[PDB]
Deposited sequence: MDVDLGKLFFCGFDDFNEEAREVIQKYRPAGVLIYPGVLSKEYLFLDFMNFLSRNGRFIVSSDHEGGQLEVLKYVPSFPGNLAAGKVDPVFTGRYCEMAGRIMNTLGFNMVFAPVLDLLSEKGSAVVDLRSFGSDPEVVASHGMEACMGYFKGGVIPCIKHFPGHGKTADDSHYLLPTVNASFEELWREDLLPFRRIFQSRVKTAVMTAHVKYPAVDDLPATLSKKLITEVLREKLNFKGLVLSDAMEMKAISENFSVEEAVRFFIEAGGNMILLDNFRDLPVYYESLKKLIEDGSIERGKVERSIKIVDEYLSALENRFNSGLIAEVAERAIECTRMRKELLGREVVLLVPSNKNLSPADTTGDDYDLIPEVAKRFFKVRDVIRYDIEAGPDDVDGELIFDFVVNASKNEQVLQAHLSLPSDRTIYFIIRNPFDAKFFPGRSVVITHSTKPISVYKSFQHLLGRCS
């Protein structure tokens, strides 16, 4: 049943690994919380490559919403709308190719919402041609597009994160305008997923579209003949969470004909998960719908097997680390960090990475050409660079208390020769993922 869930990860840690392993969500959305720390990102991809098949997605639309530094920044849908739609296709093929190479297999784009920066324009036809090119391009590049937000989010000024918005359009107006690019895309039979809008359409129905059996079954499934994968926008968003209970959102969305529940926080997965299981057991959710949902998800999952996973990098970092035997009991103490003064950016990043793994009492930035001034603490991490320049530098390093000092030889691994009888870790790299992996090793296999 984890298959009816798509979880956003704003961090990656033992809690995230636990949730994923216990509930087996089928979908993974990676937030800037992870992407902005490249070591976390890479290690997350490696983890996912080892724990089954996932749909792996981002919100990298281009233009206004950009979260992947790996994709060149793009003017956005509004500028694209002004231009020959082939260009939109080329942009999405480029973007998709890059994403796919990293390990992504889905993107939550294009936006088909009409303009009344993230929109292709006012003209429904323009939005149709650019949205089709975008879905095709993304797909050609190696990523499944997800069009959003059905039936059209464009005619409200209000934001679904803040309140439940309202679009007053008649159904005939939605059909003629807001729904037209969605319709052209389904009629052209380009492979896509669909995301729903947390928006109320009062001239049509009471429920937000995410929760509306009329909007999802009668309009999307039957009138629009879309039989593919349907996702909620993130359920925790206030448009839903402040007007319906978790149980109500689960029931309505699934009864409405929805397939995957999008959570913006993986930690919320247990509540929602259990909620789903409960609603199935007391019969408030038709089992046939959950089964049809699971089948659709299994189709996409089988269809998405990527040959590419940038987590290979994490792997290299992991396997290039060497350690002497480490005393387990010292690892719970507070650490003083001795870090080469500012390859320099790598050094600047060491404290942040260390803080994930150990309590830190302070950070001392030493001059590599002098070596560390004398210091003491419960546990000392000396991040050794250029230890052998002369005897005075080397003895600056060797004077530290052998009993509670760990030498991380992060540049020239030959400096390791100069530390007999000492606790020594060799990383063969100054890069954050290598430091990260060296902490893992220290707490893990080295003790």
Note down, first to last, the deposited-sequence stretches for which the model contains no C-alpha atom.
-> 1 to 4, 121 to 128, 355 to 362
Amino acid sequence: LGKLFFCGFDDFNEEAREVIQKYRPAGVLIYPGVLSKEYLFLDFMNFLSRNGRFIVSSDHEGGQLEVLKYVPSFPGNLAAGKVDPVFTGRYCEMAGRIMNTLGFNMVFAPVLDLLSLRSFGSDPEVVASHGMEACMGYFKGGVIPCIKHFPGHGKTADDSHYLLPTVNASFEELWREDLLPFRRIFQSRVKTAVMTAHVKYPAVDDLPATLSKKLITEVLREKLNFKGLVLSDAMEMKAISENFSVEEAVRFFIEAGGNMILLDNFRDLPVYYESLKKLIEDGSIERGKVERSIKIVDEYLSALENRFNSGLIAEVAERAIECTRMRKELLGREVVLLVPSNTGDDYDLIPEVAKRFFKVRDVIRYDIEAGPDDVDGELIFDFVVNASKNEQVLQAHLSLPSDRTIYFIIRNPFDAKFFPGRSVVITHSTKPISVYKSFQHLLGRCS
From here on, numbers count along this sequence of modelled residues.
Average Cα temperature factor in the PDB entry - higher stretch of 8 to 16, 431 to 439 | 8 to 16
Is the mean CA B factor in the deposited entry higher across 95 to 103 or across 278 to 286?
-> 278 to 286
From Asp84, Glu133, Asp345, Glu334, residue of greatest CA B-factor = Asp345
Largest Cα B-factor, entry values, listed residues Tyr70, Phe414, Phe54, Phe408 = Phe414
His60 - Cα temperature factor, lowest/middle/highest third of chain = lowest
Would you please rank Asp113 by its C-alpha temperature factor against the other modelled residues of its chain and give the third it falls in: lowest, middle or highest?
-> lowest
In terms of the chain's CA B-factor thirds, is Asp264 lowest, middle or highest?
-> middle
Lowest, middle or highest third: where is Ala26 by Cα B-factor in its chain?
-> lowest
Ranked C-alpha temperature factor of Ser341 among modelled chain residues, by third = highest
